[PDB]
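Taking the form deposited in one PDB entry, here's one chain by itself in structure tokens.
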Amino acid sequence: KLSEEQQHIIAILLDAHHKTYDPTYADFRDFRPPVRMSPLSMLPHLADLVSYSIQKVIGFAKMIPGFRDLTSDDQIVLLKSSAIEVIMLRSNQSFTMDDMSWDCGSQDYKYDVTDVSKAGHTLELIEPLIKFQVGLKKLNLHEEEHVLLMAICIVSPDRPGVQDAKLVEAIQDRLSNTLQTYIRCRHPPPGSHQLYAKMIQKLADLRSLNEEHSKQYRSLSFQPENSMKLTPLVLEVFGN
């Protein structure tokens, strides 16, 4: 029951993703070097990991069928509030339940609880973040479901500041019904079981993590000496 429009949408988003997610993580070199030794020793590197991921997410968002029909101001609001969430989602690709870490290439760009810890976020965030990663991993989404979920997350009507929330909703709906339908036609049981509802629930887990993140961001950034270790894009996106 996948219409030709819906196969189109999934074609676009797979390609959009492929163009914005290099699975060899080769650019991780242009990032300030990582340091594991250690008072916020990681902050410069991961700050650069996030800033970069921000860029890549924007690049994915622009190709979302319908995102272009939005105003520049609504495009702004949606990206500003989804950015970290979409980074958590896309990060699932490098995360592995082997040692509960994000394994990008190897060691020097393999990140873990104590690594993440050493960048200035507490365990009030990191513990539930990892939990999230474990549950999202276990759903074993089809990559098509992966990219549909990232796009659905970006195009959320309820984000504070939205104007044409109505046209935001229509673009999201088109993507939702595309996901609901894909799961039925392409996801075989038992994996298919309540899969959509379990994905929409990850969106709610994401809001909670974001809220925690936005609180501990205000914390790092109230100390200029920390704010001074970030990138300008991170400053601009996470509110300045």
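Only residues modelled in both forms are compared. The term rigid core refers to the most C-alpha atoms you can superpose between the two forms while keeping them within 1.5 Å. From 1 onward, residues are counted along the sequence shown.
Keep in mind the form deposited in another entry is missing from the figure; the text below concerns it.
Large C-alpha shift between this form and the one not shown, rigid core held fixed: of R174, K56, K202, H187, this applies to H187 alone, with a displacement of 2 Å or more. Superposed on the core, the two forms barely differ at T20: its CA moves less than 2 Å between this form and the one not shown. Relative to the superposed core, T231 undergoes a Cα shift smaller than 2 Å between this form and the one not shown. CA of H193 to CA of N177: closer by 3 Å or more in the other form than in the shown form. Panel note: the distance between the CA atoms of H187 and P65 is larger in the other form than in this form, the difference being 3 Å or more. By the rule of 2 Å per CA over three or more consecutive residues, the rigid core superposition between this form and the one not shown yields shifted runs at 186 to 193, 215 to 221.
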